[PDB]
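# Reading the structure
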Amino acid sequence: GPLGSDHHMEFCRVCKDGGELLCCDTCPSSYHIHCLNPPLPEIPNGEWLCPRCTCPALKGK
Ligand SMILES: [Zn+2]
Ligand SMILES: [Zn+2]
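Residues numbered from 1 in each chain as written, not as in the entry; some residues may be left out. Chains lettered and ligands numbered in written order. Heavy atoms only, no water.

Structure determination for this PDB entry was carried out by solution NMR, as recorded in the header.

Within the protein one finds 0 helices and 0 strands. A compact globule built from 61 residues should have a C-alpha radius of gyration of about 10 Å, and the protein, at 12 Å, falls within 12% of that. Along the longest, intermediate and shortest principal axes, the C-alpha atoms of the protein span 35 × 25 × 20 Å. Put simply, the protein has 61 residues, and 28% of those count as buried. A separation threshold of at least 6 residues defines the contact pool for the protein, and within that pool the share at least 24 residues apart is 15%. Per element, the accessible surface of the protein, about 4,500 Å² overall, is 55% carbon and sulfur. Looking at the protein, you have 5 positive and 7 negative side-chain charges, and the mean spots of the two groups are 15 Å apart. (Helix = DSSP H or I, 4+ residues; strand = E, 2+ residues; numbered from the N terminus. Rg over C-alpha atoms; globule rule 2.2 N^0.38 Å. Buried < 20%, exposed > 50% of the residue type's maximum accessible area, 1.4 Å probe, protein only. Contact = heavy atoms within 4.5 Å. Areas by Shrake-Rupley, 256 points an atom, 1.4 Å probe, with all protein chains shown as cover. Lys, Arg positive; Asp, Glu negative; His and termini not counted. Charge placed at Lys NZ, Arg CZ, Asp CG, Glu CD.)

The following block contains the structure:
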């Protein structure tokens, strides 16, 4: 809506696509299921933390 496109990144940091944006519940990692290192076969139905929150690193990437 007005003054509110979405939260975090309005597009994919990787592919620049802002459709099925898979963003971390914490970090502004608005990605996709194939716009990360570990590819997901489907979109997580709920809350999903970025592919960096899965480990104590990848934050300075
Ligand atoms: Zn993408
Ligand atoms: Zn995260």
